[PDB]
Amino acid sequence: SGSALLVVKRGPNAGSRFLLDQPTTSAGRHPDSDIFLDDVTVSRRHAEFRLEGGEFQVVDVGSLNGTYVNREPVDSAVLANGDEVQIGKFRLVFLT
Amino acid sequence: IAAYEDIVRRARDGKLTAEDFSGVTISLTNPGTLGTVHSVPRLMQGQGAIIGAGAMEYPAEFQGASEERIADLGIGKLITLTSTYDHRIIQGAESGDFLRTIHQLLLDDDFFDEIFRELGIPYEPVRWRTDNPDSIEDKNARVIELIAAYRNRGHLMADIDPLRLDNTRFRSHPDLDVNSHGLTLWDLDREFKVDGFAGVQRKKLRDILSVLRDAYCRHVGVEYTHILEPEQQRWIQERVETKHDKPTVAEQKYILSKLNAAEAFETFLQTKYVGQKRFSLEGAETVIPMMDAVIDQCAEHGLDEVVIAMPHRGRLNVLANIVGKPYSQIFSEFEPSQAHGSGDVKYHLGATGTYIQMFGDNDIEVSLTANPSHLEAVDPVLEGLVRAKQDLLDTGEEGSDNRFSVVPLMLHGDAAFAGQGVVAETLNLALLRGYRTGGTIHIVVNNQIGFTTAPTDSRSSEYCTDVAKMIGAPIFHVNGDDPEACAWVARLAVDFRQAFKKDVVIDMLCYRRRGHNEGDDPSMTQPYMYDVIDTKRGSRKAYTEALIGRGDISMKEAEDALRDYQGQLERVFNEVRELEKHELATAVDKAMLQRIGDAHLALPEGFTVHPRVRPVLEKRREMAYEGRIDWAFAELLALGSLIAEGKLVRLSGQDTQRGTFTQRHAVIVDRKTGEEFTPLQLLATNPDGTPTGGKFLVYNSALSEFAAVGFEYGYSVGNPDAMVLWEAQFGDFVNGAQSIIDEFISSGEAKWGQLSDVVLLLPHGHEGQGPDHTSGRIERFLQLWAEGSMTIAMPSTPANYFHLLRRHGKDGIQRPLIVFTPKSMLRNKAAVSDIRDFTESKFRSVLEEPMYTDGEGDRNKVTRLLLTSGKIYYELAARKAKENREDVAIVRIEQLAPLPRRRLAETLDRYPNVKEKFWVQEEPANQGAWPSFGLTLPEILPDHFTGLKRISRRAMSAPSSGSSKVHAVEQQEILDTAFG
Amino acid sequence: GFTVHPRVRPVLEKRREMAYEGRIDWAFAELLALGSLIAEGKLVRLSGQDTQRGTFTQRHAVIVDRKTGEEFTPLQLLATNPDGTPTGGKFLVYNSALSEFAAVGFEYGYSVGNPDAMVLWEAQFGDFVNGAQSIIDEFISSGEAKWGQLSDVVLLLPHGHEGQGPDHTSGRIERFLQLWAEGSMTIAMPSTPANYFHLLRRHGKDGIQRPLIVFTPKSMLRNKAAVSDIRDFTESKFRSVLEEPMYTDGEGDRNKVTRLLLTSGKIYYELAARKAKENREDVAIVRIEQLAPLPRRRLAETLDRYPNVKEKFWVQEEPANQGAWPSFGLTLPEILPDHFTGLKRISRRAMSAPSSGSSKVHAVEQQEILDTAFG
Amino acid sequence: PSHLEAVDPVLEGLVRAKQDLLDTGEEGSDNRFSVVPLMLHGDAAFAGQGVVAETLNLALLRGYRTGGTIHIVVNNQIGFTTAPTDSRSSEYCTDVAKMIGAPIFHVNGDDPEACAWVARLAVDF
Amino acid sequence: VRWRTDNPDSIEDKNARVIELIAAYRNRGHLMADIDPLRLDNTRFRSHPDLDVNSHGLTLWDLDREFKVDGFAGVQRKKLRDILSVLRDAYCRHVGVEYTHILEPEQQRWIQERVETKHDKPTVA
Ligand SMILES: Cc1ncc(C[n+]2csc(CCOP(=O)(O)OP(=O)(O)O)c2C)c(N)n1
Ligand SMILES: Cc1ncc(C[n+]2csc(CCOP(=O)(O)OP(=O)(O)O)c2C)c(N)n1
Ligand SMILES: [Ca+2]
Ligand SMILES: [Ca+2]
Ligand SMILES: [Mg+2]
Ligand SMILES: [Mg+2]
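Criteria and cut-off values
Residues numbered from 1 in each chain as written, not as in the entry; some residues may be left out. Chains lettered and ligands numbered in written order. Part of a larger assembly, values for the part shown. Heavy atoms only, no water. Residues with missing side-chain atoms left out of burial classes, pairs and counts. UniProt positions renumbered as here; feature names shortened; annotations may be inferred. Helix = DSSP H or I, 4+ residues; strand = E, 2+ residues; numbered from the N terminus. Contact = heavy atoms within 4.5 Å. Buried area = accessible area lost by both parts, 1.4 Å probe. Salt bridge = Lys/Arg side-chain N within 4 Å of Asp/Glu carboxyl O. Polar contact = N/O pair within 3.5 Å; in protein donor to acceptor, adjacent residues only side chain to side chain. Near = heavy atom within 4 Å. Areas by Shrake-Rupley, 256 points an atom, 1.4 Å probe, with all protein chains shown as cover. Nonpolar A, V, L, I, M, F, W, Y, C, P; charged D, E, K, R; others polar. Patch = residues over 30% accessible without salt bridge, like charges linked within 9 Å, V, L, I, M, F, W, Y side chains within 5 Å. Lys, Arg positive; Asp, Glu negative; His and termini not counted. Charge placed at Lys NZ, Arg CZ, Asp CG, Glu CD. Buried < 20%, exposed > 50% of the residue type's maximum accessible area, 1.4 Å probe, protein only. Pairing = 2+ DSSP bridges.

The name recorded for chain E in the PDB entry is Multifunctional 2-oxoglutarate metabolism enzyme, from Mycolicibacterium smegmatis MC2 155.

Per the PDB entry, chain A is named Glycogen accumulation regulator GarA, and its organism is Mycolicibacterium smegmatis MC2 155. Under the UniProt heading Function, the note attached to chain A is "Involved in regulation of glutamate metabolism. Acts as a phosphorylation-dependent molecular switch that modulates the activities of Kgd and Gdh."

Caption draft 1: Main features of the overall build of chain E. The helix and strand inventory of chain E stands at three helices and three strands. When the helices and strands of chain E are placed in sequence order, the string is α-β-β-α-β-α. Counting only C-alpha atoms, chain E reaches 45 × 35 × 35 Å along its principal axes. Of the contacts made within chain E by residues no fewer than 6 positions apart, 57% connect residues no fewer than 24 positions apart.

Caption draft 2: Representation of the interface of chain C and chain B. On the chain B side, the residues contacting the 59 residues of chain C number 66 residues. Summing both sides of the interface, chain C and chain B together bury roughly 5200 Å²; the carbon and sulfur share of this comes to 48%. On the chain C side of the interface with chain B, the three residues burying the most area are C:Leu98, C:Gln178 and C:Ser352, jointly 14% of the side's total. At the junction of chain C and chain B, the tally comes to ten salt bridges. C:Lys146 is paired through a salt bridge with B:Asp772; the nearest N and O atoms lie 3.7 Å apart. Taken together, the links from chain C to chain B amount to 33 residue pairs in polar contact. For the side of chain C that touches chain B, the secondary structure elements donating two or more residues are α4 (133-140), α5 (143-146), α6 (173-178), α12 (325-335) and α14 (359-372) of chain C.

Caption draft 3: View of the site of ligand 2. Contacts to ligand 2 come from 17 residues, most closely from B:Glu705, D:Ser2, D:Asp43, D:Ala44 and D:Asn76. At ligand 2, the nearby residues belong to more than one chain, namely chains B and D. In the model, an oxygen atom of ligand 2 is placed 2.9 Å from a nitrogen or oxygen of the D:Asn76 side chain. A distance of 3.4 Å separates an oxygen atom of ligand 2 from a polar backbone atom of D:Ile78. In the complex, 79% of the free accessible area of ligand 2, which totals 600 Å², lies under the protein chains. Looking at the shell around ligand 2, the element that brings in the most residues is helix α2 (residues 43-48) of chain D, giving three residues. Counted by class, the shell around ligand 2 contains eight nonpolar, seven polar and two charged residues.

Caption draft 4: Structural detail: the UniProt feature "domain: FHA" in chain A. Under the UniProt annotation, "domain: FHA" lies at residues 25-74 of chain A. End-to-end, the C-alpha atoms of residues 25-74 of chain A are 18 Å apart, and along that stretch the chain is 0% helix and 34% strand.

Caption draft 5: Focus on the site of ligand 1. In the neighbourhood of ligand 1, 19 residues make up the surrounding shell, with B:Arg313, B:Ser373, B:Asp414, B:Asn447 and B:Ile449 lying closest. Site remark: ligand 1 is flanked by residues from chains B and C. Within the backbone of B:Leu375, one N or O atom sits 3.3 Å away from a nitrogen atom of ligand 1. Within the side chain of C:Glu100, an N or O atom sits 3.3 Å from a nitrogen atom of ligand 1. Bound to the protein, ligand 1 loses 93% of the 600 Å² it would expose on its own. Ranked by the residues each element gives to the shell around ligand 1, the list is headed by helix α13 (residues 414-419) of chain B, at three residues.

Caption draft 6: Representation of the interface of chain C and chain D in the model. Chain C puts 29 residues into the contact, and the matching count from chain D is 24 residues. Summing both sides of the interface, chain C and chain D together bury roughly 2100 Å²; the carbon and sulfur share of this comes to 66%. Looking at the side of chain C facing chain D, the largest losses of area belong to C:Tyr94, C:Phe101 and C:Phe106, adding up to 28% of the total buried there. Linking chain C with chain D are two salt bridges. The residue C:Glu71 makes a salt bridge to D:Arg62 at a minimum N-O spacing of 3.9 Å. Linking chain C with chain D are eight residue pairs in polar contact. At the level of elements, β1 (43-48), β4 (90-95), α3 (101-113) and α4 of chain C are the ones that each hand at least two residues to the side of chain C that touches chain D. It is α3(C) that provides the largest number of residues to the side of chain C that touches chain D, a total of ten residues. In terms of residue class, the side of chain C that touches chain D is built from 13 nonpolar, nine polar and seven charged.

Caption draft 7: Spatial organisation of the arrangement of the chains. Inter-chain contacts occur across six pairs of chains; the most extensive set of contacts lies between chains B and C. Across the gap from chain A to chain D, with no contact made, the nearest C-alpha atoms are 40 Å apart. One finds no contact between chain A and chain E; the C-alpha atoms of the two approach each other to within 44 Å at their closest.

Caption draft 8: Broad picture of a negative patch on the surface. Taken together, the side chains of B:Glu137, B:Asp138, E:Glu12 and E:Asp13 present a region of like negative charge at the surface. By secondary structure assignment, the location of B:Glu137 is in helix α6 (residues 136-153).

Caption draft 9: The arrangement of the pairing of strand β1 (residues 38-42) of chain D in detail. All names here are of chain D. Across the two faces of β1 the burial differs, with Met-39 and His-41 buried and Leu-38, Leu-40 and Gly-42 not buried at all. Two strands pair when backbone bridges link them, and β1 and strand β2 (residues 70-74) are joined in this way by five bridges, in the parallel orientation. Looking at the pairing, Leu-38 lines up with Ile-70 of β2.

Caption draft 10: Quick peek at the sheet that holds strand β3 (residues 26-28) of chain A. Residues and elements named next belong to chain A. Across the sheet, five strands lie side by side as β4-β3-β5-β6-β8; this open sheet has mixed pairing. Two strands bound the open sheet, and with one partner strand each, they are β4 (35-36) and β8 (76-78). Note: strand β5 (residues 47-51) against strand β6 (residues 56-60), five bridges, orientation antiparallel. In the strand pairing of β6, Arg-50 is matched with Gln-57.

Shown next, in the form of structure tokens:
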């Protein structure tokens, strides 16, 4: 609805909708993150869903089990509709 | 070399000070860098001598010949070492001897021994040996033999001890020393016809030794030669001998993330609480990702569940980082003595969770099972639980798709594996017709100690796991410091288990960080061992440095891992600090009986039945259509009705298929062919062709007691909706499995809550066939009975036993029913039952005589009251019928525990002219039911049982008398005492 | 040049003080009973799970050098008389494997192969004995009877209600008493270090081959109250029945007693301190050290003292269906009815397990019995 | 008693008691081990029973060692009515002995000359 | 013996096969021995290619040829029919030997001498 919707496919909280509609949406294994993806694999600070105009770059921020966009480890990637973004054991899908 | 690399690192980055240059007393130059053979350098003032190291190469003449030509003759590279010296102090003899001394070192053995010690290399260095003048054919058989010797005992010369306590195991082997097999460093570059060594039919000697090193001498000891199956040995060589690929940096990072949560969990547990000096998984944190690897592999393999049975050590760590339980459900109600204990009950309880593959595409179930403080006691219980779940899924042994999707992950202590005897019984039942689990993954966590008992004094074998070689189980002794190795070993075990369906043992050699007591410094008993552990580094932090040192990760990746360590350490400390502030019809119609009575004669086309069994089938057809049903047929009718209803029945015991006393005949075998026939399986199919859903599982157990009872108990836990029955040969042999009764059956439904729906048939009967062939010791069962924990019962009539099994099988309430089946009374013509008993009746916990209930009997005439339970009633009733003693009534207490208070109070109010009460039992005075009844009855029902007399055998230390003549006199003494 | 571990060092000097002054704890009393037997000339074979150092850091029969790693046995020094002559005795102390069935079966076979030997087997905790239940049921209890293989074995079983779990508290006495016949075994539960000292010496020098099942305490080893003076070890004998110290040696009035308490384990020390707090001179506590055979004469004579007793109680920490009550509550009013008729029981509720899992539950249940026997 | 393999640890305790008495074997100046345990066993009782393993573990400990033991299993290929297939998960019942590196000689119980040689050779080992 | 037409391989090629076959007979000599007096499983004798000579690239023609068998019956050279006769009488007769699984080397050497020798027939007395 004008912004990106991340829907978790694999994880304890599978089948859940989250909205990325801010210039900075935080994700990690800590409550100080908008999308608190909790698990032992997930690190305290993992990735950000920054919004630059009409672009969503999911950027890694010092995580041990990296951030895989379409099973591909990236540091910064312009996430497109239908991508497998992986944070530890969690695997969510991007929607436009 | 540390001071050399400091001077090199600083010179390279222009950070050298002038205080470094001032002080050169002796210098060295290398003109041989540019290929210049030798130089005559100029010596500067302030230096006594300067050494000009030449070009280390083959001489000019040989430069044109082939390498194969040179190595075949024995020509080697050389360095032209020069020493341009000052004649004002140093003379030709001293400088000439100085260079000779250098040569002696560069070709010495102790020089390289010292260097290998300083570089952390445990293996024997190459020695300067002058070429073996033997032919390649002569040398070939030596190289072939050396390859076989490395496979058989390569594990002995392996660096699998993280503490490096025995440095001699790396030098005390001539069967692995190459110099002994007629070989030198010159033969290193020659080809040998190694028939299928690393797959290649030809290989250079230096390749052959390096393969064997990385395969059997690195951090993985391989013991597989003792296996009798050949393809299994071929299979392990195809994995072990291949130069294994280095794991990806992403794979390595998952290992370090799993080790970060494990080291932080034990950091929290050794801080937040006290008394946790015991159960401290410090040093063996590597076992957390090791199990994770097994389960990740299992999910990839397409498996359904991994059932974990483990001891108290590091159990909470597994519950959070392996099972998948949140820290909240772990420390809810958590709890400083010098002795170790159980602490919080969570160390016993078994919870379930789910595992999501980090890299794979599947999800698998991970459950944990309950166990007491008795080490390795849960071993047969876990294999029974895994089998219960497999059978349920129409997979494994009892299924169309024999996959064995339930995998037993069993962990053990180092001294507990060779020590306990249950370990052998459990391995024996790992591959039986009705007990197999299709392999089991065993991870022994060798901490190289057991409280204060040295491992040397706890086993009579090289390895603790040498017990596993009973069933040809491959053993992989892996070093608990190298995590990458532990994961490979663990994942390879899964492949073997899935390929051959055989148990696999992984010996994880680690160290125990602290003693079992908080104020215990076990350096009193093992000072040398704990002196090494004092200077050791954590298996997570050490692996972190190794990844940086090897160039696998950078300092940015070192920050990603260090932030994850604090991020997971704070995670549990703050979650706990926040959670702390917020604080039935038991009978069937006669047509059902007639279906079971006809199943005994529904023999397959051409089934030649044994002539001794042949009339038993016809007699059961007559019994189901007329009456006088003996105990033997009543037993099968109770289960036959439950199978036709749709319930699973698992009856298995020592010689239970035929029957201990030739009474069951659940499986009859053809005399000519040898085929098996089960009449109770015919009931699992309704007359209209539709399957009922029930099943009959009848097997013959090994000569085991501890594991036979522990397996059936585990089956009633894994599948509660199953009539699990275990029959002993004689009740007297149950003392072998006393740990299963004391710790799992009686206190199971209470200590943890593991509901036991097991039935334990124990042949009990006083006939005098010896102390070990008469009493199943009822006194002990009653002694450990609490309000509603078990149901001890002693039936007297076949009809009552029928209702007893049907009642226990359809009550819903999970409670262990200990039935005491008779021995002689099976073939007793008096111990029979009519059809109206099986059809128009229910279970009777209290039983009056037949004359007072159905016949014309006078209850007032009774003055003498007799209370009994076993077959002894039939002897007392016949004695009463001989003397026409109408003043004696006999009441039976069928359900011994719980005591039928209401059923007996109402029954005792009948027969009002009773002036004396007696408890008549064949068992001795200190044994039987009197020690409990004589103290319970006048306390619970004092209006009738006050002043109760006892007519029984004299108190003995054994259940009965040895001589058969003595038993006849003692049995008649009680019959005359109760009738006089 | 034997560098002793600094954690062991003061325990060596404390035993020098205890032997020359008094207040001898259970740990030293255990070694004094065997130390006298070795110096006399008898073979002593004490071996069990972690028995060399001691399950609860109490034995120290073998001490190891911190620098070298050499073993030192102080009880082997007694096998040589001061005049250089060997006594003929020997001390055999080993650490058994994680075995139960064979550990108990081996020591039993040793007492059959050599009757003139003090064979002792110590479990880690009494609760783990159920593994070797076949050795107890078939070889020890019915050995001296079924065939005649005389068993001179001593089975030390750490028994004590502290609440460290069901598998770390009760060594199940109820079963030993249940399989006891007239003169087949000798079940015993000592309360004082001096009594245990005479118990071992008596069993080691009686000649009569009879298995003595001793229930050593766990917490009461380091209990400051559970001590013994030199006068007890020198001028005294084994006591199967034990009165309070105020009625026997101190100024104590036997008539003042109206409430009679009968006990056996360490629970006596809690009942005596509770009595000293409330100055309840109407409560007497008698201990039954030898549980089987029951000391009929020693107890009848003692029961005649304290004549103003109007109530009798059996106070045990063990549950109702477990402990000594299932046997005592039915034997005592049948053997000594002139005193034990109408005997009341002050104990824990009947459980299927020997104790409760939570440590908090044990503290409440242990205080419930102390208030019941003092009200 | 009637419990199979139950006397296994009792015999090894009796042999050790006599060895220590004779001032030979483990406890003494000599190391003869003059007492030899001749233990006979049932075919399914060797693999089927757990005591068997605990007993083998004691066969060579610091204060338990008997300096070897001669074990003669009488594999009659049956146990009442249970087949050896349902009584053991190994080729031989004696595969339990492999725990301590014990040499196993599967000899035929019809050839007496062979049985004597096998028995005498075991004594030498 | 089966009628097989000569293996055209050299003696060096055939040697490593014969060396390996000796060790194969030592590892599982017991698996094809006549130790069952009732002869219930007749297939145990034929269900083993590691002991079948025809499988190791050998024929009845190679039976009379010499092979460099390193210390088999002491002799560094032996005819194939002599090698298979020592192994038959030593392992596949009525005494199955499991001695290869032992870790001590001198013990294996000890059993090798006492097993791989034409043992004297016992006296009539
Ligand atoms: C059956 C049994 N007997 C005795 C004990 C007492 N006990 C507790 S720890 C221990 C020794 C530890 O041995 P191991 O299994 O190697 O454990 P780890 O040293 O690895 O912790 C013993 C004897 C026990 N727990 N279980
Ligand atoms: C411990 C034990 N459990 C059960 C029995 C009952 N029982 C009597 S004979 C028999 C089978 C005999 O097996 P095995 O040891 O092979 O005897 P063998 O004929 O070889 O001597 C069994 C189970 C027993 N005697 N001992
Ligand atoms: Ca049920
Ligand atoms: Ca004596
Ligand atoms: Mg250990
Ligand atoms: Mg038999």
